[PDB]
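Here is the structure we will look at.
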Amino acid sequence: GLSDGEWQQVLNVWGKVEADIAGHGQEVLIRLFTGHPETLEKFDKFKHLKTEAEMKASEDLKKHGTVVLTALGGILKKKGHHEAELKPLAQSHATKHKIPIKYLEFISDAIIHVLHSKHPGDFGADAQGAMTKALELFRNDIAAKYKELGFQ
Ligand code: HEM
């Protein structure tokens, strides 16, 4: 649950992402894959990537980064009223991709890391607080659907 002022911070930060969605999406996935190499094994189309240089050179990884952040941005713009947008993603990630909630924690922290890396000194403590709360809400509502499905 976020206040109006917190949502305003989230959507202000998101403007930074929308200026370069592919570059942000690429770096988020690279941070996930290099920090948590077990996550790469869930992607049949990226498991061939052995080095970060190959990851950086992969145009399909940048494409998928655009898909991921476009979906997340659509959810964030609903300011919590995201049941219709979130349900299909919860279902596909639990039942088809088999993504444990832990990996959603990993990618949430990766987003925070990338924002500081690309905007050092321009991602203030209030903005980090609000973005963190928004990603916690996203993860918590996914977790509720995971529990319904019995997925661990
Ligand atoms: C912010 C969190 C995430 C968002 C918004 C997101 C979004 C998406 C979307 C929109 C798709 C394509 C449609 C679909 O299959 O539902 C997708 C596919 C997929 N996601 Fe995610 N995802 C997220 C996190 C993760 C994480 C953490 C993992 C694994 C560590 C993951 C694994 C996958 C896989 C394996 C696919 C299929 C890729 C393919 O072969 O095309 N997702 N995701």
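Only the coordinates and a few stated rules stand behind these numbers; no lab work does. Heads up, the Cβs are rebuilt from the backbone with ideal geometry, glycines too, and the neighbour counts pull from every protein chain shown.
Only residues that are away from the ligand (no atom under 13 Å from the Cβ) and surrounded by fewer than 11 Cβ atoms within 10 Å (Cβ to Cβ) were counted in region 23-62, giving 4.
Does region 30-41 contain at least one residue that is out of contact with any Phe, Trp or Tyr (no Cβ under 7 Å at 6 or more places or on another chain) and under 24 Å from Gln9 (Cα atoms)? Checked region 30-41: at least one residue is out of contact with any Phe, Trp or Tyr (no Cβ under 7 Å at 6 or more places or on another chain) and under 24 Å from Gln9 (Cα atoms). Within the bounds of region 56-68, is there any residue that is in a helix (DSSP H, G or I), more than 27 Å from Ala127 (Cα to Cα) and of a type in the set (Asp, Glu)? Yes - at least one qualifying residue is present in region 56-68. The residues in region 89-116 that are more than 8 Å from the ligand (Cβ to nearest atom) and assigned to a loop (DSSP other than H, G, I, E, B) can be counted, and the count is 2. Is it the case, given these coordinates, that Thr132 is among the polar types (S, T, N, Q), more than 13 Å from the ligand (Cβ to nearest atom), under 14 Å from the mean Cα position of the chain (by Cα) and closer than 26 Å to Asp20 by Cβ? Answer is yes for this residue. When residues in region 136-152 are screened for being among the aromatic types (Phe, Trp, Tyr) and in a helix (DSSP H, G or I), 2 of them pass. Can you name the residue in region 117-129 that is over 15 Å from the mean Cα position of the chain (by Cα) and part of a helix (DSSP H, G or I) and, of all such residues, is surrounded by the most Cβ atoms within 10 Å (Cβ to Cβ)? The selected residue is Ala127.
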